[PDB]
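Here's the structure we're looking at; comments come further down.
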Amino acid sequence: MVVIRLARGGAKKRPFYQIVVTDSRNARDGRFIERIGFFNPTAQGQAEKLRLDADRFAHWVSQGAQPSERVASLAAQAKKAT
Amino acid sequence: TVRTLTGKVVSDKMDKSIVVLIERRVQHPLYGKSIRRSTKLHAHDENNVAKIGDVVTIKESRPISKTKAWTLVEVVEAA
Amino acid sequence: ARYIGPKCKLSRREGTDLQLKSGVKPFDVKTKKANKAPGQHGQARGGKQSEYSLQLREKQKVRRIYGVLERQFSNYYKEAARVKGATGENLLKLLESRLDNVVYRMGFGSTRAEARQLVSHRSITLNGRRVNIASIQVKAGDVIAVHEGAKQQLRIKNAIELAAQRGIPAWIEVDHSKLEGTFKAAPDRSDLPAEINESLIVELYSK
Amino acid sequence: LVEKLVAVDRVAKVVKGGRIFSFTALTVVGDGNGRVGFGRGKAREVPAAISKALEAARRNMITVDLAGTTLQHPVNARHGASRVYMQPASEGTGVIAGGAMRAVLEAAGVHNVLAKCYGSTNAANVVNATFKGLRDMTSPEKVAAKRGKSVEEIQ
Amino acid sequence: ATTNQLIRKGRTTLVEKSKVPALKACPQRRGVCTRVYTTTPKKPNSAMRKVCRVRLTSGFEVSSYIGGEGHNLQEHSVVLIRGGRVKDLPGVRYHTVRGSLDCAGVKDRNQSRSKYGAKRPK
Amino acid sequence: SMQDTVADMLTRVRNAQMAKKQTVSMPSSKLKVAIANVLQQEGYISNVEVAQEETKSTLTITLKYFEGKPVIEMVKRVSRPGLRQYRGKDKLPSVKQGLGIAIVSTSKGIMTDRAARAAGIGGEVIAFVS
RNA sequence: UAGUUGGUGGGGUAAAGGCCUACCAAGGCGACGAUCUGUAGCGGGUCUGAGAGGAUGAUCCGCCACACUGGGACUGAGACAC
RNA sequence: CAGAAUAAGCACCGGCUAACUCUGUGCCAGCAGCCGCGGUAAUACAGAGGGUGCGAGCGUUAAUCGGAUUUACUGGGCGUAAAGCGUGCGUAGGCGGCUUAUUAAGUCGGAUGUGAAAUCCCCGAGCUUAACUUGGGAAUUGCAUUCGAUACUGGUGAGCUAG
């Protein structure tokens, strides 16, 4: 099915995740349909920690995408922050 | 909103089918001189209205046989 | 790597004083051999040179005064060429913006080698943290200070005493009581000595 | 006046009993701000050859009008089998040219230029070609005067 | 050429050939010493050059120069050869690496030891 | 045979300038008349005349000299029957940094490259004049 | 090049179609290179070059093909299945 | 916390190309990218002193592009240097005189859709700096559809005589 999950980027021991909408059968860092934000667990200074596009998130959820656990938690965090 | 082509019939021997020659003029990728390129398309003629030498128009469609995917729309000029 | 060994022979070969010595005694009395090259075939400055020789000798002088090796120097030249402006101007600003050079011109070091030793041993703090890399670029507005453990050090006292005799730069605002200074802007070409001819280095690397 | 020695060569003449050797020198002189010339000298030793070359160069002079410290427009020139191309450059470029072109350009006072030689790189012919190109390069005021228009009209 | 002639027939580029075909685009090769002998140079040089005939893993049969003063090579030795021409021994296009497999590094040298494969004296 | 009348016109003008004639005449056509009008407007020639004595028409051009040298020092055909050259508005060539002119045929008529760039259109590059 | 090119009736497929079959016709492709033969996974890209071009297709991403060598099908939404 | 305590090599010095002298040997031993050195005072062979260039690296070999306008589209040639078929006629093809009307294929302009991400470039951010990671742009010079222009080339109709 269609899922919303994190794709790992960055360097060794300093991960940086892209929040993507993709078919679940694809590889973690491979083919995807749409990128809708990012997550940086180790941000500091002027670096942004989390960015999510709520409109496209809701659109894909309505179409039937299934958010993962961490993405659901991040969406709750972003909604609280906004 | 359909793809149409205009050409000249070069054969009508086969049953319900015409061969139309399309001509286009393009620039040579390296030397820049305009050169003539041609292709042959098999089209579909239900009533054999087309003849050799006429200028016709065809449109794209679903396949009708092994090599035919175009259908005649109108005969602009008759030979 | 880093050059270690005889210092005065470099000045004798270059033909001028590159101030690797502290400066308590003049270069001429210190060497007794200036105006002659340090080889067994040492000669005077009146010998003929080629354009390639002039270009090479010009760049070597800057490298020896600033203590920079060839790979880092080529990287510096590439950066200066990429950045807008005059290439030699940018290169000189980049060389002057180094942390160890700033310490030397701020007076806590008698020589750039002493300043580099202090920076490496973490006796100097940038902003509010103990760095140990001498190639760090100091930016406008930065605050340089001596670690409280490194204070009341005889070499630092002697260094500031010699710096007082030396000319204080215009772009550095330094108080010697608490041993702290502020950088404000990159020195300009007129501020820098006119002996150095950056055009030769630019021609060399442009080849 | 800046004086530059482009090339010095030794030449031979055959006589009965052996050979007579001589020297030829080519020089370029220039004020550095729009006046330049070149010359050749022949003598049985180098100092005399050089002096004769400089004398001929100082006799053979022209005036060239630069645009600031660079050329006015791209130039193609040739003398014999040597061809030269020169092009204006922005400030900070320098003189990107071989030795023979560099002598003439620096003597004339150009500071930023890109140049290239095609064909034979014989020094005398290269210097000749660069000389003719610089001599024949034109200027907006001359173009406007010859056309009867104004400089702003020409653009 | 006319632009029409260029359209009809293009411009042809001739393919270059390697100067060291026995290497088969490898940096070095192994071989067995078929022969070890001495040859005379071309004019106007005069000496006794040390050469060896080697059968390579590539399958070819070549001749290689033995550099330096004095060598231990004999028949049936296994050696490593690289490119490099001698320019006065006709038909010799390869060099032998001193100190690699059975070749030994030359003795009594203290300048340019990395070539000739002599270890640093203690 | 004769297959490029524009090149013929340019060659006649160039040879007349090299031989120091005062006028040059040729058989006429509307394309050559347009090119001559552009040259006269740009100031390379003095006067353009067309004499229609019968079905045949003759074009006459008056040449200009300045300081003992011809005003037109270079004229070059660019597009030719064996290789036609077309350019967009962003690729119109500049002749010696704008001190010369390039003649361009556009859908709005024959004009200079400066005028074509001002109007934001392209076309066929006929000749370079300087 | 003779299921070869087109047509009709029938079969077959999730689906158009000589995909298959029985008849009818003599068509179809080719100097704008058919057929035959040698070499080769293709692209985003990488290196070089002032540019135009030249060389290349490791590591990352997309598509295709293969699973000791050849021929098949079954189960299943999906395979002719490391 | 203790103490300078644990830590520097490789190539080269005749010209191209920055950096020279002495011993040893004598067309031998040898060196060599090219030009070339060695046959008794070798700045070119071997060692030593001195020096130069790089530096945890330094040299050699292999391979691609460049220099090479040395396949030349940008951008070359054919009297004697390599290069005009022995000479005609002619098929496919390429190119083609002047005036006028029409068409809008070539040509040109606008709009829309598309040209995945990463990579290259720019302004920032985070790594003690840098490599590296990363936000947002610019670019992707292309392709397709549709709406316009008519100077030139092409098509069609009519007309003309300098070929």
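Letters A, B, ... mirror the listed sequences (proteins, then strands); counts begin at 1.
Between the side chain of E:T2 and the backbone N or O of E:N4 there is no donor-acceptor pair closer than 3.5 Å.
Residue E:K43 contributes atom NZ, which lies 18 Å from atom P of H:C37 at whole-angstrom precision. For B:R24 and H:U153, the CZ to P distance is 25 Å, given to the nearest whole Å. Atom CG of E:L6 is separated from atom P of H:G93 by 21 Å (rounded to the nearest Å). Between the P atom of H:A162 and the CE atom of F:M26 lies a distance of 20 Å, rounded to the nearest Å.
Both F:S105 and E:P27 lie near RNA chain H, and the one whose nearest nucleotide falls closer to the 5' end is E:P27. With RNA chain G read from its 5' end, the first of the two nearest nucleotides for A:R25 and B:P63 is the one closest to B:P63. Taking the nucleotide of RNA chain H with the nearest heavy atom to each of C:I136 and E:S112, the more 5' of the two is matched to E:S112. Judged by closest nucleotide on RNA chain G, B:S17 is the one of B:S17 and B:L30 placed further toward the 5' end.
The salt bridge (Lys or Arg N to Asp or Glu O under 4.0 Å) test with E:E69 is passed by exactly one of E:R98, E:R109, E:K50: E:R109.
Contact check, E:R98 against H:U60: no side-chain N or O comes under 4.0 Å of OP1 or OP2. For H:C54, one of the phosphate oxygens OP1 or OP2 lies less than 4.0 angstrom from a side-chain nitrogen or oxygen of C:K59. Between B:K68 and G:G7 there is a side-chain polar atom (N or O) within less than 4.0 angstrom of OP1 or OP2.
Between H:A62, H:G53, H:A117, one nucleotide has an atom nearer to the side chain of A:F32 than all others, and that is H:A117. With H:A125, H:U69, H:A29 as the candidates, the nucleotide lying closest to the side chain of A:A47 is H:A125. Between H:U60, H:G55, H:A32, one nucleotide has an atom nearer to the side chain of E:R82 than all others, and that is H:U60.
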Is there any protein nitrogen or oxygen under 3.5 Å from a nitrogen or oxygen in nucleotides 48-50 of chain H, and what are the pairs?
from, atom 1, to, atom 2, distance (Å)
H:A48, OP1, E:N110, OD1, 3.1
H:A48, OP2, E:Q111, NE2, 3.2
H:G50, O2', C:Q40, N, 3.0

Check nucleotides 20-30 of chain G against the protein and report each pair of N or O atoms closer than 3.5 Å, with its distance, or say if there are none.
from, atom 1, to, atom 2, distance (Å)
G:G28, OP1, B:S11, OG, 3.0
G:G28, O3', B:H42, NE2, 3.4
G:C29, OP1, B:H42, NE2, 3.1

If you restrict it to nitrogen or oxygen atoms, what contacts under 3.5 Å exist between nucleotides 156-161 of chain H and the protein, and what is each distance?
from, atom 1, to, atom 2, distance (Å)
H:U161, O3', F:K56, NZ, 3.4

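A salt bridge is absent between C:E14 and C:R63: the closest approach of a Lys/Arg side-chain nitrogen to an acidic carboxylate oxygen does not fall below 4.0 angstrom.
In this structure, B:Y31 does not count as stacked on the base of H:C73 under the 5.5 Å centre distance and 30° plane angle limits.
For the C1' atoms, the distance linking G:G53 with G:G30 amounts to 34 Å, nearest Å. Here the separation of H:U69 from H:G115, taken at their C1' atoms, is 37 Å to the nearest Å. Taking atom P on both H:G15 and H:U21, the two are 12 Å apart, rounded to the nearest angstrom.
The six-membered base rings of G:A67 and G:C68 fail the test of centres under 5.5 Å apart and planes under 30 degrees, so these neighbours do not stack. Neighbouring bases H:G38 and H:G39 form no stack, their six-membered rings failing the under 5.5 angstrom centre or under 30 degree plane limit. For H:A83 and H:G84, a centre-to-centre distance below 5.5 angstrom together with a plane angle below 30 degrees is not found for the six-membered base rings. With ring centres under 5.5 Å apart and planes tilted under 30°, the neighbouring bases H:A11 and H:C12 are scored as stacked.
Counting any heavy atom pair closer than 4.0 Å across all strands shown, E:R8 reaches no nucleic acid atom. When heavy atoms are screened at a 4.0 angstrom cut-off, B:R37 is found touching base atoms of the nucleic acid. Using a 4.0 Å heavy-atom cutoff across all strands shown, E:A1 reaches at least one base atom of the nucleic acid.
Counting atom types as modelled, C:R71 pairs no side-chain N or O with a base atom of H:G57 as donor and acceptor under 3.5 Å. The base of H:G36 sits within donor-acceptor range of the side chain of E:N45, with an N or O pair under 3.5 Å.
Interatomic distance, B:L41 CG to B:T67 OG1, rounded to the nearest 0.5 Å: 10.0 Å. With rounding to the nearest 0.5 angstrom, the CG atom of E:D108 is 10.5 Å from the CG atom of E:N110.
Shown here, G:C23 forms a base pair with G:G7; the pair counts as Watson-Crick or G-U wobble because both key distances fall under 3.5 Å.
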